[PDB]
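Shown next, in structure tokens, is the structure this report addresses.
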Amino acid sequence: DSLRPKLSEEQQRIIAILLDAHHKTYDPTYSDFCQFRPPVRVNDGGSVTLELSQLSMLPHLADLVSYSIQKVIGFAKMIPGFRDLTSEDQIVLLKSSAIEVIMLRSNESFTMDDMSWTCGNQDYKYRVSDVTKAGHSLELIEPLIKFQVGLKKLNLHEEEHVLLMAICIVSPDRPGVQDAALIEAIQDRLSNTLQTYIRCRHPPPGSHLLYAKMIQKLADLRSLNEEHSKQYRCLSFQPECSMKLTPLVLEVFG
Ligand SMILES: C[C@H](CCCC(C)(C)O)[C@H]1CC[C@@H]2/C(=C\C=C3C[C@@H](O)C[C@H](O)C3)CCC[C@@]21C
């Protein structure tokens, strides 16, 4: 059997639209980052109390996340079909997917040279110790780095990378969606574009089985999101935490 259908004119269009959507909303130069409140890295050596006391990298990482949520919304608006949903569902989907899409999309600055996100030079190079200094614990960070490496190693084409983001976002099992059929319809259209792409275009050899691995990463993103939730709740109990966040971050993770 081994059937290999040609991508349809429409599928191609979808891929074009998504590549362009991404390039419009992902500055590979990180040129805006000098506009965020400053990275502050005063050493905890090995401490939760200090890290909560200071939260030194929270202003900087929360501006980075607030900014990225903005670009995500932007990206989501150009996904073919997104606009056909009601704004009520559009927002439900943006809200519940934001943290996951940031994680996926942060794969583009992630480097296996030293397991960091290099945005970068020194000041915009983010390591595990920076994430701890923004008040997160190892139970989110370590599965996150593992997630970044797993994803890197999939060596996705940009096409697969932007399809995966679109699919993560337009998900019919988000708690609180109204019109699940429509969202599924939009997702199936992307998944099918992705499944076909992989068979049409992906080396590697012998596998259309990369599709399976991609879906596994979506499941992974679910767990990281739950863990992020619980660590965000905790963060939010630090007095004056709200000042170190932004309106958009509070509303999206509230
Ligand atoms: C868990 C957190 C986020 C949540 C932090 C709060 C809100 C306090 O809970 C991490 C996810 C990955 C991210 C990192 C980079 C991300 C990039 C850099 C660029 O790729 C451009 C992307 O759009 C975005 C590394 C540092 C840690 C992070 C911020």
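If you read the sequence from its start, that first residue is 1, and numbering goes on from there. Counting starts at 1 for both ligands and their atoms, in listed order.
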- Message: Any nitrogen or oxygen of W117 lying under 3.5 Å from a nitrogen or oxygen in ligand 1? Just yes or no.
- Response: no

- Query: Is it true that a side-chain atom of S106 and a backbone atom of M103 form a donor plus acceptor pair closer than 3.5 Å?
  - Reply: yes

- Among all protein heavy atoms, pick out the one at the shortest distance from atom 10 (C) of ligand 1; state its residue, atom name and that distance to 0.1 Å. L144 CD2, 4.2 Å

- Would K125 and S116 count as having a side-chain donor-acceptor pair, cut-off 3.5 Å? yes

- Item | Element-labelled atoms of ligand 1 that are located less than 4.0 Å from some non-hydrogen atom of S109 | 18 (C), 19 (C), 20 (O)

- Determine, counting only non-hydrogen atoms of the protein, whether one lies under 4.0 angstrom from atom 19 (C) of ligand 1. yes

- Message: For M115, I'd like to know if atom CE has over 12 heavy atoms of other residues, nucleotides or ligands within 6.0 Å.
- Response: yes

- Any atoms of ligand 1 less than 4.0 Å from a non-hydrogen atom of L58? List them with their elements. 8 (C)

- Does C119 have a heavy atom less than 4.0 Å from any atom of ligand 1? yes

- Item | Check: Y30 ring centre within less than 6.0 Å of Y124 ring centre | no

- Message: Regarding ligand 1, does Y126 bring an N or O atom to under 3.5 Å of one of the ligand's N or O atoms?
- Response: no

- Task: Measure the NZ-CD1 distance between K95 and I69 for me, rounded to the nearest 0.5 Å.
- Result: 10.0 Å

- Touching ligand 1 at all, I141? Heavy atoms, strictly under 4.0 Å? no

- Note on the structure: Logged contact type for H136 with ligand 1, heavy-atom cut-off 4.0 Å, is side chain

- Item | Nearest option to atom 29 (C) of ligand 1, as decided by whichever heavy atom of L250, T25, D27, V65 sits closest | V65

- What protein heavy atom sits nearest atom 4 (C) of ligand 1, and how far off is it? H228 NE2, 3.7 Å

- Message: I'd like to check which ligand 1 atoms, numbered from 1 as shown, lie under 4.0 Å from a non-hydrogen atom of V131.
- Response: 26 (C), 27 (C)

- Task: Please state whether the rings of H60 and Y126 are parallel, tilted or perpendicular, taking 30° and 60° as the class boundaries.
- Result: tilted

- Does a side chain donor of either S171 or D173 reach within less than 3.5 Å of an acceptor in the other side chain? no

- Rounded distance [0.5 Å steps], NE2 in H136 versus CG in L138: 12.5 Å

- Task: Examine ligand 1 and decide if any of its atoms is less than 4.0 Å from a heavy atom belonging to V249.
- Result: no

- Query: So which protein heavy atom does atom 23 (O) of ligand 1 come closest to, and at what separation?
  - Reply: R105 NH1, 2.9 Å

- Message: Is there a ring pair (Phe, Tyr, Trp, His ring centres under 6.0 Å) between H202 and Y211? Walk through the geometry before answering.
- Response: CA-CA 10 Å; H202 207 96; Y211 176 68; over 10 Å; no

- Item | Region of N107 engaging ligand 1 - heavy atom pairs below 4.0 Å | neither

- Which heavy atom of the protein is the closest neighbour of atom 12 (C) of ligand 1, given with residue, atom name and distance? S106 OG, 3.9 Å

- Side-chain donor or acceptor of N225 paired with backbone N/O of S96 under 3.5 Å: yes

- Can you check whether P80's main-chain N or O pairs, donor with acceptor, with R189's side chain at less than 3.5 Å? yes

- Query: Looking at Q12, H157, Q11, which hits side chain to side chain donor-acceptor pair (under 3.5 Å) with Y197?
  - Reply: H157

- Item | Part of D130 with heavy atoms under 4.0 Å of ligand 1, whether side chain, backbone, both or neither | neither

- Query: Is ligand 1 less than 4.0 angstrom away from at least one heavy atom of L235?
  - Reply: yes

- Contact check: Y26 vs ligand 1, nitrogen or oxygen atoms, below 3.5 angstrom: yes

- Query: Rounded to the nearest 0.5 Å, how far does OH of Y67 lie from CG of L64?
  - Reply: 9.0 Å

- At a non-hydrogen distance cut-off of under 4.0 Å, which region of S68 contacts ligand 1 (side chain, backbone, both, or neither)? side chain

- When you look for heavy atoms under 4.0 Å from ligand 1, do you find them on the side chain of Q231, its backbone, both, or neither? neither

- Taking atom 1 (C) of ligand 1 as the reference point, the nearest protein heavy atom with its distance: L140 CD2, 3.8 Å

